[PDB]
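J.: Return a 3D structure for these sequence lines:
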Amino acid sequence: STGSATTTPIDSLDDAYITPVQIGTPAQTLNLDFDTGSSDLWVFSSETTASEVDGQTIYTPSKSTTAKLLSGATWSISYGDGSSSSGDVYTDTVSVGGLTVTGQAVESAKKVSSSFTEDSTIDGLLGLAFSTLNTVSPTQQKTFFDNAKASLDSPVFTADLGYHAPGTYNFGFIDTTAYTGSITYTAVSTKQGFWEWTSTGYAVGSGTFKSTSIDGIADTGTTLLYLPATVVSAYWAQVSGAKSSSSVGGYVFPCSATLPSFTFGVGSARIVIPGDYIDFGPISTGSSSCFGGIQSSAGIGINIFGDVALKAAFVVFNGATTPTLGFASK
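T.: Residues are numbered from 1 along each chain as shown. Find the structure here:
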């Protein structure tokens, strides 16, 4: 089997992407943030504290004939941005773009942190990292991808995120019309539960390529590109007036600037992020100071190839017995 679903930016900055997901019988369609950096499928629901729901579409398990309470199971997650959610667990039928899993763990939120409440466009998360990170207790649950894998034509899913435009998540096949040239595959470590890989280096604008190993994660659930301070300093040094602002929380630059591209290595191949992808607009409404899309990972503890990087490529998440990642230009 296969599935194919369109994923759509939530706002004009591509802060995140939402993909429609059918849950239950009859279907309840929620717009979920597909997150290759976590492993929980959780939703706003009829059980969510009323004061913490603000415009989201909710899953109501009692209206689904195929919903079953996973007795005794609870979940609780905190993300790298400090947001969190927790609740209890149902199993139900879940379909993405025509691909159906029965008995999927659907984690029903009883509580969500303010960041989630404040984002009316995101009805939950669908985790696509390795199931070892799943937070359900006392019985850890499998991701949608893990549940689907055996049934898929090929044990893969692909992310094709758009710049200021819709894109596609495909399950079970590689769309050879969706990218240019060849896909370059690179090794993955699952030791931390992430799609963790090693970039072979970088270039800033038309500058020479620096060969250097950068370990990081392919994370569709993180907006920006977080890299070592040395790399990030070398990038922003090419932008007149750019500076790291502790008050703002990272690198800012004059909105009048033209940003250079940023290239990252995948094996011997190169992915080019156009300069415009690195512009996240005014720091506050009306400001002429703009927020940078490449930021330091120092104090995160890991480098993150977030949407800024991934949207520049067609990305294959290969969940074969030995997982790998593939990147192509597009």
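J.: can we go C-alpha only for contacts and neighbour counts from here?
T.: Fine.
J.: quick one, helices of the stretch 201-330 of the chain?
T.: In the stretch 201-330 of the chain, the helices defined using DSSP state H, counting those that start in this stretch lie at 229-236, 307-310.
J.: Pick the most buried one from those helices.
T.: The highest mean neighbour count among these, using mean count of other Cα atoms under 10 Å, belongs to helix 307-310: a mean of 26.
J.: ok, residues contacting it?
T.: Applying Cα atoms under 8 Å, 6 or more residues apart in numbering, the external contacts of helix 307-310 come out as 16, 159-161, 218-225, 273, 277-278, 293-294.
J.: Is residue 159 bridged to anything, and to what?
T.: Beta bridges link residue 159 to residue 169, residue 315 when assigned by DSSP bridges.
J.: correct me, but it touches residue 171?
T.: No - with contacts counted by Cα atoms under 8 Å, residue 159 stays clear of residue 171, the gap being 9.3 Å.
J.: how close does residue 316 get to residue 155?
T.: Counting by Cα to Cα, to the nearest Å, the gap from residue 316 to residue 155 is 10 Å.
J.: nearest residue to residue 288 other than its sequence neighbours?
T.: Ranked by Cα to Cα, 6 or more residues apart in numbering and with sequence neighbours excluded, the top spatial neighbour of residue 288 is residue 255, at 5.3 Å.
J.: what does residue 272 give?
T.: Residue 272's closest residue in space is residue 263 (Cα to Cα, 6+ apart), at 4.3 Å.
J.: related to what we said a few turns ago, surely the residue nearest to residue 288 meets residue 282?
T.: Yes - contact criterion Cα under 8 Å: residue 255 and residue 282 qualify, at 7.1 Å.
J.: overlap in contacts of these two?
T.: Shared contacts of residue 255 and residue 282, defined by Cα under 8 Å, 6+ apart, comprise 288-290.
J.: which among those residues gets closest to residue 186?
T.: residue 290 (33.8 Å; Cα to Cα).
J.: shouldn't the closest one be in contact with residue 283?
T.: Yes - counting by Cα under 8 Å, residue 290 does reach residue 283; the two are 5.3 Å apart.
J.: out of those two, which sits in the more crowded spot?
T.: More crowded of residue 290 and residue 283, by other Cα atoms under 10 Å: residue 290, with 20 against 16.
J.: Could you list which of the shared contacts of residue 255 and residue 282 belong to strands?
T.: 289-290 (DSSP state E).
J.: out of the shared contacts of residue 255 and residue 282, which one sits closest to residue 104?
T.: In terms of Cα to Cα, no member of the shared contacts of residue 255 and residue 282 lies closer to residue 104 than residue 290, at 41.6 Å.
J.: do you know how far the closest residue to the closest one other than its chain neighbours is from residue 254?
T.: Sequence neighbours aside, residue 282 is the residue nearest to residue 290 in space, at 4.1 Å (criterion: Cα to Cα, 6+ apart). Using Cα to Cα, one obtains 9 Å as the distance from residue 282 to residue 254.
J.: swap in residue 155?
T.: As judged by Cα to Cα, residue 155 and residue 254 stand 45 Å apart.
J.: hang on, the earlier thing: my read is that the residue nearest to residue 272 contacts residue 273, right?
T.: Yes - using Cα under 8 Å, residue 263 is in contact with residue 273, at 5.9 Å.
J.: Give me the common contacts of those two.
T.: In contact with both residue 263 and residue 273: no residue, using Cα under 8 Å, 6+ apart.
J.: Tell me which residues touch the residue nearest to residue 290, please.
T.: Contact analysis of residue 282 by Cα under 8 Å, 6+ apart lists 255, 288-291.
J.: Break this protein down into its domains, please.
T.: Per curated CATH domains, the structural domains of the chain span 5-174, 175-330.
J.: Please identify the deepest-packed of those.
T.: The highest mean neighbour count among those, using mean count of other Cα under 10 Å, belongs to domain 5-174: a mean of 20.
J.: Please report how far the residue nearest the centre of the chain lies from residue 186.
T.: Per Cα atoms, centre = their mean, the C-alpha nearest to the average position across the chain is that of residue 220, at 1.8 Å. Distance, residue 220 to residue 186, by Cα to Cα: 18 Å.
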